[PDB]
Structures are given as structure tokens and as C-alpha cells.
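Novice: Protein chains in written order, with PDB author numbering: chain G, 7 to 372; chain D, 7 to 372; chain F, 7 to 372.
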Amino acid sequence: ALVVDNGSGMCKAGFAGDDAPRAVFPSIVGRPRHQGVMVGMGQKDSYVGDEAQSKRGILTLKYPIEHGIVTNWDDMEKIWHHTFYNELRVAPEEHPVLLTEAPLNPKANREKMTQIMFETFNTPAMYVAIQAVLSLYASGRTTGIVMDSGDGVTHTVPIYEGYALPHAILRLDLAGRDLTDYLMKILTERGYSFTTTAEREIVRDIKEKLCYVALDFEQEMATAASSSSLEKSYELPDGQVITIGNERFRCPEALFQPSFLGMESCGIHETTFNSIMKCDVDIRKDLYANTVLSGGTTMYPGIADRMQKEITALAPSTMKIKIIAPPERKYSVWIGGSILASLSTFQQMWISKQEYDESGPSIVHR
Amino acid sequence: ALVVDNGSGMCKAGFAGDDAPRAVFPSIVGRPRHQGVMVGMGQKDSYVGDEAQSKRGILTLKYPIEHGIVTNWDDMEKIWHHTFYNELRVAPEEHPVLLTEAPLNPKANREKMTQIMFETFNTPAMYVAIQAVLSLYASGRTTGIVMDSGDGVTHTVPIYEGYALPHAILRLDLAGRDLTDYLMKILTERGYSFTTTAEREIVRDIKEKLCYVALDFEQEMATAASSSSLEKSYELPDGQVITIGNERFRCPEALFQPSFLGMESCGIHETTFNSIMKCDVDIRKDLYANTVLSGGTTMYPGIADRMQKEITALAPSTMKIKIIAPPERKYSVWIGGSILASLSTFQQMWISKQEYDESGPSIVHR
Amino acid sequence: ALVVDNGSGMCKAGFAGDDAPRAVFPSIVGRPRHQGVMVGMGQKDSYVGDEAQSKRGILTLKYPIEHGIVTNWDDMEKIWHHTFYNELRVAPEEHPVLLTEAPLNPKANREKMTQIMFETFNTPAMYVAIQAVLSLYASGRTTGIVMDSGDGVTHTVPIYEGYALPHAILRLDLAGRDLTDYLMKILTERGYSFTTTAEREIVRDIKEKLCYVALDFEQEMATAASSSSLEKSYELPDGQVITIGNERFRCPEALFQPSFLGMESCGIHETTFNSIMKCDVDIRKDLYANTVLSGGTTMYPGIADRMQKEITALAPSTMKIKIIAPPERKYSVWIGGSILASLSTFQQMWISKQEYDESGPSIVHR
Ligand SMILES: Nc1ncnc2c1ncn2[C@@H]1O[C@H](COP(=O)(O)OP(=O)(O)O)[C@@H](O)[C@H]1O
Ligand SMILES: Nc1ncnc2c1ncn2[C@@H]1O[C@H](COP(=O)(O)OP(=O)(O)O)[C@@H](O)[C@H]1O
Ligand SMILES: Nc1ncnc2c1ncn2[C@@H]1O[C@H](COP(=O)(O)OP(=O)(O)O)[C@@H](O)[C@H]1O
Numbered sequence: 007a008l009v010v011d012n013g014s015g016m017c018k019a020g021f022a023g024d025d026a027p028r029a030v031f032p033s034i035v036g037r038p039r040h041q042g043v044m045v046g047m048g049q050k051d052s053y054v055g056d057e058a059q060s061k062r063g064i065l066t067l068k069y070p071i072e073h074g075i076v077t078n079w080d081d082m083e084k085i086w087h088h089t090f091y092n093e094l095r096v097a098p099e100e101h102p103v104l105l106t107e108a109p110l111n112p113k114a115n116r117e118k119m120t121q122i123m124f125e126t127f128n129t130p131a132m133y134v135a136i137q138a139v140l141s142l143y144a145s146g147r148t149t150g151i152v153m154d155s156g157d158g159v160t161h162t163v164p165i166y167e168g169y170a171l172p173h174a175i176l177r178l179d180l181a182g183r184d185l186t187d188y189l190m191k192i193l194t195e196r197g198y199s200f201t202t203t204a205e206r207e208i209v210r211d212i213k214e215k216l217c218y219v220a221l222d223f224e225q226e227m228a229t230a231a232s233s234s235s236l237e238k239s240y241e242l243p244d245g246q247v248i249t250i251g252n253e254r255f256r257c258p259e260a261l262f263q264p265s266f267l268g269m270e271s272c273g274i275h276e277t278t279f280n281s282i283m284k285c286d287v288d289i290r291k292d293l294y295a296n297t298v299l300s301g302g303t304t305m306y307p308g309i310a311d312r313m314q315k316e317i318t319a320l321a322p323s324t325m326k327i328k329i330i331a332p333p334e335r336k337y338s339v340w341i342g343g344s345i346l347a348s349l350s351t352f353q354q355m356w357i358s359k360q361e362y363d364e365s366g367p368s369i370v371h372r
Numbered sequence: 007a008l009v010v011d012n013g014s015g016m017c018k019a020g021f022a023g024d025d026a027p028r029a030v031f032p033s034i035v036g037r038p039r040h041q042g043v044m045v046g047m048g049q050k051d052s053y054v055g056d057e058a059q060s061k062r063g064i065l066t067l068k069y070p071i072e073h074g075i076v077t078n079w080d081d082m083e084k085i086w087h088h089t090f091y092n093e094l095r096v097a098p099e100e101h102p103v104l105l106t107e108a109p110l111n112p113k114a115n116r117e118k119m120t121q122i123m124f125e126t127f128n129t130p131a132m133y134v135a136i137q138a139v140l141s142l143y144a145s146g147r148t149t150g151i152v153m154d155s156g157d158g159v160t161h162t163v164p165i166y167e168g169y170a171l172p173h174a175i176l177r178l179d180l181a182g183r184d185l186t187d188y189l190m191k192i193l194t195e196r197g198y199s200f201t202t203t204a205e206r207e208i209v210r211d212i213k214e215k216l217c218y219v220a221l222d223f224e225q226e227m228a229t230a231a232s233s234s235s236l237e238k239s240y241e242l243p244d245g246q247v248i249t250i251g252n253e254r255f256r257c258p259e260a261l262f263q264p265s266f267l268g269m270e271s272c273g274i275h276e277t278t279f280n281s282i283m284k285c286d287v288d289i290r291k292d293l294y295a296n297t298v299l300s301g302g303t304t305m306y307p308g309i310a311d312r313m314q315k316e317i318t319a320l321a322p323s324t325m326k327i328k329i330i331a332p333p334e335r336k337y338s339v340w341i342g343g344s345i346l347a348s349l350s351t352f353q354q355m356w357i358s359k360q361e362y363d364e365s366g367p368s369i370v371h372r
Numbered sequence: 007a008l009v010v011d012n013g014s015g016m017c018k019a020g021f022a023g024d025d026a027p028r029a030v031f032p033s034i035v036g037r038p039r040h041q042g043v044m045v046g047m048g049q050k051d052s053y054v055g056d057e058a059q060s061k062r063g064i065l066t067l068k069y070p071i072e073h074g075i076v077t078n079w080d081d082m083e084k085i086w087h088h089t090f091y092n093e094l095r096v097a098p099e100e101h102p103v104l105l106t107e108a109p110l111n112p113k114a115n116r117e118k119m120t121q122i123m124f125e126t127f128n129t130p131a132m133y134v135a136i137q138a139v140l141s142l143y144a145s146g147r148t149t150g151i152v153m154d155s156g157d158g159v160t161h162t163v164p165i166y167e168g169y170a171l172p173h174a175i176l177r178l179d180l181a182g183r184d185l186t187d188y189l190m191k192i193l194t195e196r197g198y199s200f201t202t203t204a205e206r207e208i209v210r211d212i213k214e215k216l217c218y219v220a221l222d223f224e225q226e227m228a229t230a231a232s233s234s235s236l237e238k239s240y241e242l243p244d245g246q247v248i249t250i251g252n253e254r255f256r257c258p259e260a261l262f263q264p265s266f267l268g269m270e271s272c273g274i275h276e277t278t279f280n281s282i283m284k285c286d287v288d289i290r291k292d293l294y295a296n297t298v299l300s301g302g303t304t305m306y307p308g309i310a311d312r313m314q315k316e317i318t319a320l321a322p323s324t325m326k327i328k329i330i331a332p333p334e335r336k337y338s339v340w341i342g343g344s345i346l347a348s349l350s351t352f353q354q355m356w357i358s359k360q361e362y363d364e365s366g367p368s369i370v371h372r
């Protein structure tokens with residue numbers, strides 16, 4: 007059977023019988039912005055991400071998912087069309103599929119999602135699972151608190167002996183692009199300017215390479231305020247050199263104390279302590295030492311030490327805390343998806359065509 | 007033969023050929039309270055005490071006995087099923103069994119109880135004995151007044167030269183949970199709150215460790231009202247510290263003058279003097295100096311001196327009084343159960359299958 | 007003399023010489039969250055509710071009372087300072103004061119509460135009264151069971167011939183914010199999102215207008231699941247339309263069977279019958295037909311039928327039941343406060359300056 011994650015900002019897909027996905031691509035949809043100056047087929051009406059990332063410039067770019075909510079289904083159908091016919095070379099009527107979703111999301115999302123999977127692709131069977139649960143599958147633990155943070159969404163689920171406390175789930179719409187744009191805003195301080203969608207991807211790729219979190223914002227600010235050398239140069243695709251200095255960490259700092267982004271909620275560490283504090287007293291000691299980090303926005307170096315230092319300064323003393331931060335976190339959700347698809351006991355749970363034909367899309371509520 | 011005490015709040019059991027029981031556990035039944043977020047067998051439909059106390063949190067807790075009356079036989083049967091097959095590793099058709107009961111209890115309780123032991127477990131023989139009598143076996147006396155007090159029940163039986171005076175027995179439903187909840191009510195004075203079945207057991211464990219009886223309630227109140235140090239800290243399972251002060255003794259005080267719990271009966275010492283005053287005049291001098299305390303709710307420090315001071319101030323002078331408070335009172339009842347099962351003269355007293363098959367359940371009255 | 011109710015979520019105050027209070031406002035404290043871009047005095051360091059609700063947005067909001075416990079005295083002092091100097095234009099040395107409180111609350115609350123009224127405002131005299139008793143004054147009955155439920159607190163007191171049974175009082179911390187968050191949680195089903203303190207008040211105002219309790223949750227669920235028209239539109243302050251449907255009653259339902267909020271206690275109707283069952287038998291016929299509802303969280307339409315249906319299905323038959331639901335329930339408590347202050351016989355009960363100067367703050371325990 008086939009496992010697809012349409013989680014925000016990049017689709018990942020392959021056979022469930024494997025350890026890693028087969029395709030990984032930006033899910034961007036792009037369209038031409040000028041008339042044709044020379045005759046030929048070369049100008050197709052639309053390009054999907056794996057071409058859309060190459061020809062970027064003459065394309066505008068739109069993201070069909072924002073904050074984990076589909077904004078334009080007609081784009082998404084094109085994306086799935088690419089994933090099925092062009093990449094995995096597989097007929098979707100042959101294989102069952104399961105899909106990721108964010109934990110809290112407008113139910114209409116599920117309804118149309120499964121409607122498309124039946125009424126167009128004629129797929130045999132379907133299931134929608136929340137990402138944090140699947141993340142636990144990849145570690146193979148049965149107790150812990152999962153933190154996942156992707157393009158535009160963060161959430162946490164506490165689970166104990168395989169039971170979630172639904173009253174304890176939180177959203178926090180802080181991550182991803184909402185963080186990337188803060189690098190756009192501050193990078194204009196040095197004078198470099200970046201204005202447009204095709205050009206935003208350069209700043210994203212910088213962020214993907216040259217960023218880390220300070221073990222104390224105050225000391226590293228005082229450091230870079232001194233004449234000490236901490237900057238690294240970067241070269242733009244045109245060969246313009248950039249120097250970035252005093253700013254590789256003042257960016258991700260805004261993931262904490264997020265008043266920089268103007269929000270006034272709690273931040274990541276607050277929300278990790280506040281979720282456990284919605285758990286019963288006798289559970290708490292067991293969720294500590296089992297904070298699991300997940301999703302690509304945890305791949306900054308230094309998050310582990312910062313987070314443990316913060317929580318240990320915030321939680322009651324005498325309680326040991328241990329963050330399970332493996333490598334390969336970028337794949338963890340899909341890895342867990344692969345695991346669940348293989349367990350034979352799960353095979354009764356797929357929604358059948360027969361069920362959809364009685365209940366229609368709302369069957370997703372069982 | 008097998009010895010089981012199903013007295014309130016914890017079952018105690020083992021072979022009669024021993025000095026102590028082999029298993030002692032809280033007899034609580036607990037059930038899951040959320041739908042499953044993760045696949046597996048791990049969540050069985052029900053847990054008996056030895057797990058139900060451990061995994062508490064995701065469990066709610068119910069007591070199948072309350073105030074000494076069985077509320078749901080199907081729960082008790084589950085408890086016995088665990089005790090027989092998993093714990094004592096014994097086939098019930100092989101061995102006789104005897105059961106404790108409180109002295110006054112609705113007879114239907116006995117009827118169904120023994121019915122289950124014959125018609126389901128196919129046990130060879132059965133006998134029901136009152137707890138105070140078994141308590142005397144452990145001391146090996148033939149004269150005295152037994153005071154037993156457990157979760158939710160207290161009673162006294164006078165026995166003289168091995169004869170009880172059934173017209174002099176009294177119940178007083180004051181002890182145990184009825185006292186523990188008064189710590190729940192009062193502990194909120196400092197501000198801490200405790201609301202649910204899994205969480206009540208924390209207050210029970212506090213009571214089991216940090217409680218004592220004042221050698222004069224009035225002086226120790228005046229003491230703790232001054233800035234003298236008498237409080238002890240306790241750490242909760244989450245590592246929250248608790249401070250308890252002025253209440254390690256204001257709790258068990260309510261076992262006397264129980265107007266604190268709003269009841270208006272007599273208290274324990276009253277009921278010990280009033281029961282003896284139902285004895286004939288010529289018995290009294292022999293019951294004095296033979297008040298035997300029994301049952302775990304007597305395990306507070308200070309009970310001995312308080313009780314003797316009260317009775318000696320209340321009884322007529324020139325009459326010697328001596329409270330026999332041995333150790334192992336937590337086991338005293340089961341010890342006495344062990345003794346009676348071994349006495350060869352008793353071997354005629356078991357109710358046979360033949361008797362139940364002639365008389366039916368009322369055979370329990372012989 | 008002055009009557010003040012600092013019950014959670016809004017202060018209410020005025021002269022005892024009246025039928026209703028003169029000022030009623032949300033007691034929220036709010037503070038600026040950006041540096042000043044324009045010159046003037048207009049930005050004071052802090053705003054109390056009547057501006058804090060108007061200018062909300064540029065303010066963050068904190069509630070100085072939570073669950074009936076003061077969290078930051080320096081905030082409360084700001085609220086009382088406003089109520090005395092700004093609103094009532096009154097010197098506190100002129101008039102005695104009485105204060106509402108919840109029935110069970112950490113005694114330290116009283117000590118500091120009365121300390122402030124003497125040592126700062128130099129008021130001549132003080133008394134603290136529990137809200138339910140004052141509620142009975144407004145009806146003028148002398149027998150009944152009072153149910154009061156306000157922002158964040160519920161409690162009940164049985165009173166018979168002017169005597170309470172303190173051992174039968176219950177708290178249940180279910181109401182208020184704990185309900186508001188359930189509207190926040192469920193409203194995201196339609197897709198709307200609400201994240202911040204200033205924005206929470208919009209969801210509160212929705213709750214104040216478009217909500218009712220179902221005479222059977224099951225039938226009304228099946229009804230709204232059909233294509234029948236039951237939704238109502240609401241307009242946001244920006245003119246964004248909201249549609250709410252199939253959810254105007256699934257909110258207050260969680261005030262019963264509150265497992266929706268993940269709590270595992272009993273709910274309101276259970277706890278109302280269970281409090282009476284701790285009363286003596288001969289009182290019961292008199293507490294029935296005298297359940298008096300009080301506090302603003304009783305202002306839902308439909309409460310009467312649900313409550314009467316529950317108790318009548320639970321209580322023994324042949325027993326008359328009558329819910330006294332007057333209008334003006336939002337003021338009943340304060341009305342009674344005004345009454346008690348007026349009875350000349352009550353005029354001996356105020357704690358004098360002389361007593362506080364001997365005993366200090368703990369004099370409130372007499
Ligand atoms: N090297 C990196 N450093 C920081 N952030 C990264 C890095 N690589 C990827 N990311 C973040 O993670 C995103 C990749 O997709 P992601 O959101 O992890 O998928 P999923 O939604 O499955 O977690 C990127 O858009 C970026 O926001
Ligand atoms: N250390 C302790 N201190 C005070 N009370 C205790 C302690 N241990 C047990 N208890 C009381 O005794 C109960 C244990 O069961 P118990 O009532 O002794 O059984 P039985 O009814 O057969 O006597 C506990 O629920 C508690 O009420
Ligand atoms: N129109 C309304 N509909 C439903 N509930 C309301 C309404 N107005 C007020 N409330 C409830 O009552 C609260 C107002 O304060 P309240 O709790 O009545 O004070 P008190 O604690 O003295 O009763 C609001 O927070 C809200 O919970």
C-alpha cells in the first residue's frame with residue numbers, strides 16, 4: 007500500500023514496505039507570467055515543484071497548503087496527479103493509501119480530501135491519521151509527548167500507554183513561513199533586499215543552511231556586539247556575495263518569546279510545559295524524559311540544549327528531563343506512517359468503498 | 007485450605023499453614039477513560055488492584071465494597087478470579103476456603119457470596135466467620151473485648167470465656183474513607199486540591215505516613231498555633247512540594263467526638279464504654295485490662311495513650327486498664343483466620359456440598 | 007455602608023440603600039505592549055476593565071482572580087482603588103464594607119483580604135460573607151438548597167431553618183472559563199480561529215448571546231444533523247460574518263457529563279442530588295421544591311427544564327420538585343448583600359478596628 011504525507015511545504019511518498027520515502031519535493035505550484043516569444047511546446051501551462059523550483063523566476067509561486075489548510079483544491083489535485091502518474095509510476099486504483107493531517111483542522115478538509123480519493127482516483131481504501139501519533143511509531147515508544155513543527159504549524163500531543171488526552175492537544179500557528187519572513191524583514195537591515203516569491207526561496211535556502219539557536223541569547227548578542235568574528239559569507243545565485251553577521255541567531259530566537267513576530271501567545275517551551283500541566287498529576291513524571299522532537303523545523307543545531315535548559319529552569323526541580331532528539335527527524339513522521347501500514351492488526355481499520363457509499367465523506371467521523 | 011479476607015479496602019490471602027499472607031493488594035477495579043490513539047493489546051478492558059493502583063491516572067477507580075456492603079458481585083468475582091488463578095496459583099475445586107465478614111450485614115450478602123463459591127468455583131467447602139472472633143485467635147486469649155476498625159467500618163464484640171454476648175455488639179460506620187475525605191476537605195485550607203479517584207490515593211498515602219494522635223488535642227492545638235515547628239514537607243509525584251501543618255493530628259481527632267464529620271453518634275471510646283455497660287456487672291472487671299485494638303486504622307501513633315487516658319478518666323476508679331496493642335495488627339485478622347483453619351476439631355464445621363444441595367443458600371445459618 | 011462583590015469576572019458595587027448596584031464592569035486589567043510612537047499623557051501605565059474592554063487589542067489582558075483565588079494582590083489593589091476613588095467618589099473611611107467570597111477557599115485569602123481593607127484604605131469595619139447565603143436573603147426564604155455558579159466556580163449550600171450543614175457543601179470547579187475554552191475549542195471546527203486575550207472576549211460575547219441548553223442533546227443532535235435550519239449568523243466587530251450551527255447547544259451540554267472537558271467528576275445534576283443525599287432524611291422533602299439558581303452562568307435559557315428533568319429522573323418518585331428561577335439572577339447575590347447590611351440586628355456582627363488591633367487579620371475566624 008502507498009503512504010503519502012501532504013503535510014505543509016513538501017510532499018513525501020513511497021511504498022509502505024520501506025524505510026525511507028522515494029520522492030521529496032517542494033509541492034509548489036507555478037504558472038507562467040509572460041506571453042510566448044518563441045514558437046514551441048516548451049511553455050506548458052503549468053509546472054509543479056520539481057520543475058517549478060528549477061525554472062523559478064519566470065514563474066510565480068503559490069502554496070496550495072497554508073497553515074495546514076488546503077486553500078485551492080484544484081492545485082492539490084494536480085499535485086497528487088504528479089505524485090501518482092509521474093513520480094511513483096503507479097496506478098492508484100491498485101493500492102490503498104493513508105494520509106497525514108494536522109491534529110485540529112476544519113472537518114470539511116477531511117470530507118473533500120477523502121471524496122477526491124474515492125470519486126476521482128478510485129482508490130481501494132483510505133485512512134487519515136494525525137502526524138504526532140505516527141511520529142511515535144517511528145521511535146517505537148508507547149509513552150511520550152510529541153512536538154511537531156512544520157511549515158506554518160506546530161502542535162503537541164501527550165500520549166500515555168497509547169492514550170492521548172484530547173483536552174491537552176494544542177495548536178500554535180507560529181512555525182515555518184511565518185518564521186522565514188522574519189529573516190526577510192531583518193535581512194534588509196544590512197541592505198540586501200528580497201521582495202518576491204521566486205526570490206523568497208533563496209532566503210529560505212539560506213535559512214536551511216546557516217542558522218542556529220544560542221545557548222544564551224544575551225551572551226551571543228554581547229559577543230557579536232563586540233568586534234569578535236562570528237559572521238559567515240554566502241554567495242547568491244548571481245554570484246553576489248552576502249555577509250550575514252549578528253543575525254544567524256537573532257532570527258530563530260523569535261521562535262521563543264515570539265513578540266518579535268507580534269504574536270502574544272506562549273512560545274514553544276511554554277506550550278510544552280503548559281500541555282503537560284493539563285495532564286493528570288500522576289502522568290507528569292512519565293512525560294518528562296520523553297519529549298520527542300519532530301518535523302524539519304527542529305533541525306536547527308542547538309535546539310536540544312536550549313530546550314532542556316529552559317524546561318529544567320521552568321519545571322519543578324528534582325525531576326529528570328531527557329529530550330529524545332534522534333537524527334533523521336526530517337523523515338520521522340513518514341517512517342512511522344510506514345510502520346503502521348505494515349501491522350496486520352490495523353488492516354480492519356481502513357474505510358472501505360462500501361462504507362463511503364452508505365455514509366459519504368462524513369464517515370471519517372466514524 | 008485457603009484463607010481470604012475480603013475486608014474493605016484491601017484483600018489479604020494465603021495458606022493457613024503460614025504466619026503471614028502471601029499477597030496483599032488494594033482490590034480496586036479500574037477502567038480506561040479515553041479512546042485508543044495507538045494500536046495494541048496493552049489496554050485490557052479491566053485492571054485489578056495490583057495493576058490498577060500502578061497505572062492510575064488513565065484509570066478511574068471504583069471500590070466494589072463500600073461500608074462493608076457488596077455493591078457489584080461481578081467485580082468481586084473478578085477479584086477472586088485474579089487471586090485464585092494468577093496469584094495463589096490454585097484450582098478452587100482442590101481446597102476449602104473461609105471468608106471474613108463484618109458482624110452485622112444484610113444476610114443476602116452471605117447468601118450470594120457462598121452461592122458463588124459452590125455453584126461456580128466448585129469449591130469443596132466453605133465457612134464464614136466474623137472478624138473479631140478471628141482477632142481473638144491471634145492473641146490466643148479466651149476473654150476480652152475486640153475493637154476492629156477498617157476502611158469504613160468499626161465494630162466491637164465482647165467475648166468472655168470464649169462466649170460472645172451478641173446483644174452487646176455495636177456498629178459505628180465512622181472509620182476509613184469517611185475519615186480520609188475529611189483530610190481532602192481540610193487540605194484545601196492550605197490551597198491544594200484533590201478531585202479524582204486516582205488522586206485520592208495520594209491523600210491516602212499521606213494519611214498512611216504523616217498522621218498521629220495528640221496526647222491532648224487541646225495542648226497540641228495550642229502548641230501548633232504558636233510559631234513552634236511541627237510541620238513536615240511531603241513531595242508529590244510530580245515533584246510539587248506540600249507542607250502539612252496543624253493537620254497531621256486534626257485529621258484523626260475527628261475519629262473522636264465525630265461532630266467534625268457532622269455525625270452525632272458516639273465515638274470509638276464511647277462505644278467501648280457503652281458496649282461494656284451492656285455486659286453484666288460481674289464481667290466488667292475482666293473486660294477492663296483486656297481491650298484489644300485491631301485493624302489498620304488503629305496504626306496511628308498515640309492511639310494507645312489517648313484511649314487509655316480517656317477510658318481511665320471515664321471508667322470507675324480502682325479498676326486496672328491495659329490496652330493490648332501488639333504489632334502486626336494489619337495482619338491480625340488473617341492470622342486468626344490461619345489459626346482456626348488448622349485446629350483439627352474445626353474440621354467438622356465446614357459446610358459441605360451435600361448441605362448446600364439439601365438446604366440451598368440459607369444453610370449458611372446452619 | 008458599601009457592598010462590593012469581587013466575584014470572578016466582574017466587580018459589582020454600590021450603596022446598601024438600593025435595589026441594584028450602580029456599577030458593573032469586567033475587572034480585567036490591561037497593559038500596553040509596544041513603545042510609544044506618539045507624544046502625550048493619553049497612555050497611562052494601566053487600564054481597568056471599562057477602558058480595557060474598549061481599547062482591547064493594543065492591550066494584553068490578565069484576570070486578577072482565578073477560581074476565586076487572588077493571583078496578584080497588586081492588581082486587585084488597582085481594581086479596588088478604581089472602584090473607590092474613580093467610580094463611587096467615596097472616602098472609604100466613611101463607610102463599613104462587606105465582601106463576598108466563595109465557600110471553600112484558602113484561609114490566607116481572608117487574612118490578606120481584610121488586611122488590605124484596614125491597613126491601606128483605613129475603612130472603619132469589614133465582614134466577609136459567602137455568596138449563597140446572601141443569595142437566600144434576596145429570595146427571603148429560610149429553607150432551601152442554593153446552587154450558585156459563576157465565572158470559574160460552582161458551589162451549593164443546603165440551609166434549613168437558617169442552618170447550613172457545612173459537611174454537605176460541595177465545590178465543583180467546572181464553570182466559567184472552563185466552559186469558554188470549550189467554545190474556543192469547538193468553534194475551530196468551522197475554521198475560525200481565536201488566539202488572544204483581547205480576542206477571547208469576542209468568543210465570550212458570542213457565548214453571551216447565541217447559546218441555549220437542549221431538552222435532549224441526542225434529539226437536537228439528530229435534528230441539526232438533518233437539513234433543518236437551526237444556525238444563526240453573528241457579525242464580528244470588523245464585519246466578518248460567522249455562521250454557528252449544530253454547535254449553539256453542544257457548548258453548554260458540557261456543563262453536564264463534563265467528560266467533554268476531560269474532567270471525570272460528577273456533573274452539576276449528580277452533585278446537586280448527591281449533596282442532598284448527605285443531608286438527613288427528614289430534611290429532604292423540604293430541600294426539594296427549593297432549589298434556587300443563582301449567578302450569571304445560570305442565565306442560559308433552558309436550564310430549568312434540563313435540571314428538573316434530571317433531578318426528577320434521579321430522585322425517588324412521588325416527591326415534588328420545584329426550581330425557583332426568578333429574573334434578576336445576575337443581581338440576586340448582591341441584592342441579598344444589600345439586605346443583610348440593612349438589618350439592624352446584623353449591625354453588631356462587623357469586625358471592629360479594636361478587634362483587628364488585638365488579634366490581627368486572623369480575627370476573621372473569630
Ligand atoms: N536545514 C534546515 N534548517 C532549518 N529549517 C529547515 C531545514 N530544512 C527544512 N527546514 C524547514 O522544514 C521545512 C521542510 O518541510 P517540513 O515542514 O519539515 O515537512 P513536514 O511538514 O512533513 O514536517 C522547510 O520548509 C523549512 O521550513
Ligand atoms: N500506615 C497507615 N496509617 C494509617 N492508616 C492506615 C495505614 N495503613 C493502612 N491504614 C488504614 O487501613 C486500611 C487498610 O485496610 P484495613 O482496613 O486494615 O483492612 P481491614 O478492614 O481488614 O482491617 C487503609 O485503607 C487505611 O484506612
Ligand atoms: N448573556 C450571558 N449568557 C450566558 N452567560 C453569561 C451572560 N452574561 C454573563 N454570563 C456569565 O456570567 C459571568 C459574569 O459574572 P458572574 O460569574 O455572574 O459573577 P458571579 O461570580 O458573582 O456570579 C460571565 O463571565 C459569564 O460566564
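A virtual CB, placed ideally from N, CA and C, is assigned to each residue, including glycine.
Tell me the DSSP secondary structure of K238 of chain F in three-state form.
Specialist: Note: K238 of chain F maps to strand in three-state DSSP.
Novice: Please list, in chain order, the residues of the segment 192-226 of chain F that have any C-beta partner in chain G closer than 8 Å.
Specialist: Within the segment 192-226 of chain F, the residues whose Cβ lies closer than 8 Å to some Cβ of chain G are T194, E195, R196, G197, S199, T201, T202, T203, listed in chain order.
Novice: Return the CA-CA distance between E205 of chain D and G63 of chain D, expressed in angstroms with no decimal places.
Specialist: Distance between the alpha carbons of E205 of chain D and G63 of chain D: 8 Å.
Novice: Would you kindly report the start and end of the unbroken beta strand (DSSP E) that includes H275 of chain G?
Specialist: Careful: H275 of chain G lies outside any beta strand (DSSP E), inside the alpha helix (DSSP H) at 274-282.
Novice: Tell me which residues of the segment 269-288 of chain G have at least one Cβ-Cβ distance to chain F shorter than 9 Å, keeping chain order.
Specialist: Here the close residues are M269, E270, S271, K284.
Novice: Can you find a heavy atom of ligand 2 that lies under 7 Å from the Cβ of residue 402 of chain D?
Specialist: Residue 402 of chain D lies beyond the residue range present for chain D, which begins at 7 and ends at 372; the question has no answer from this structure.
Novice: Report, in whole angstroms, the separation of the C-beta atoms of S14 of chain D and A144 of chain D, which I expect to be a contact under 8 Å.
Specialist: So it is not a contact: roughly 19 Å between Cβ atoms.
Novice: Would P322 of chain G pass as an interface residue toward chain D - the criterion being a Cβ-Cβ separation below 8 Å?
Specialist: It does: the Cβ of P322 of chain G has a partner Cβ on chain D nearer than 8 Å.
Novice: Three Cβ pairs or more, each shorter than 8 Å: is that satisfied between the segment 279-297 of chain G and the segment 157-166 of chain G?
Specialist: With the cut-off at 8 Å, the segment 279-297 of chain G and the segment 157-166 of chain G touch.
Novice: Give every residue whose Cβ lies closer than 7 Å to any heavy atom of ligand 1, listed in chain order.
Specialist: So the residues near ligand 1 by this Cβ test are G:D11, G:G13, G:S14, G:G15, G:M16, G:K18, G:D154, G:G156, G:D157, G:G182, G:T186, G:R210, G:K213, G:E214, G:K215, G:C217, G:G301, G:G302, G:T303, G:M305, G:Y306, G:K336, G:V339.
Novice: Using a Cβ cut-off of 8 Å (strictly closer), state whether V43 of chain D contacts chain G.
Specialist: For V43 of chain D, the answer is yes, since a Cβ of chain G falls inside 8 Å of its Cβ.
Novice: Please list the terminal residues of the continuous alpha helix (DSSP H) segment that includes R335 of chain D.
Specialist: Unbroken alpha helix (DSSP H) run through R335 of chain D: 335-348.
Novice: Using the beta-carbon count (16 or more within 10 Å), is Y69 of chain G buried or exposed?
Specialist: It is buried - the Cβ of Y69 of chain G has at least 16 other Cβ atoms within 10 Å.
Novice: Quick check on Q137 of chain D: buried or exposed, where buried means 16 or more other Cβ atoms within 10 Å of its Cβ?
Specialist: So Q137 of chain D ends up on the buried side.
Novice: For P112 of chain F, decide whether its Cβ has a neighbour in chain D, counting only Cβ atoms nearer than 8 Å.
Specialist: It does; some Cβ of chain D falls within 8 Å.
Novice: Which residues does DSSP pair with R116 of chain D in a beta bridge?
Specialist: Paired residues: none, contrary to the question.
Novice: List the endpoints of the continuous alpha helix (DSSP H) containing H87 of chain G.
Specialist: It spans 79-87 - the alpha helix (DSSP H) in which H87 of chain G sits, taken as one unbroken run.
Novice: Using beta-carbon positions only, say whether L8 of chain D and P102 of chain D come within less than 8 Å of one another.
Specialist: The answer is yes: Cβ separation under 8 Å.
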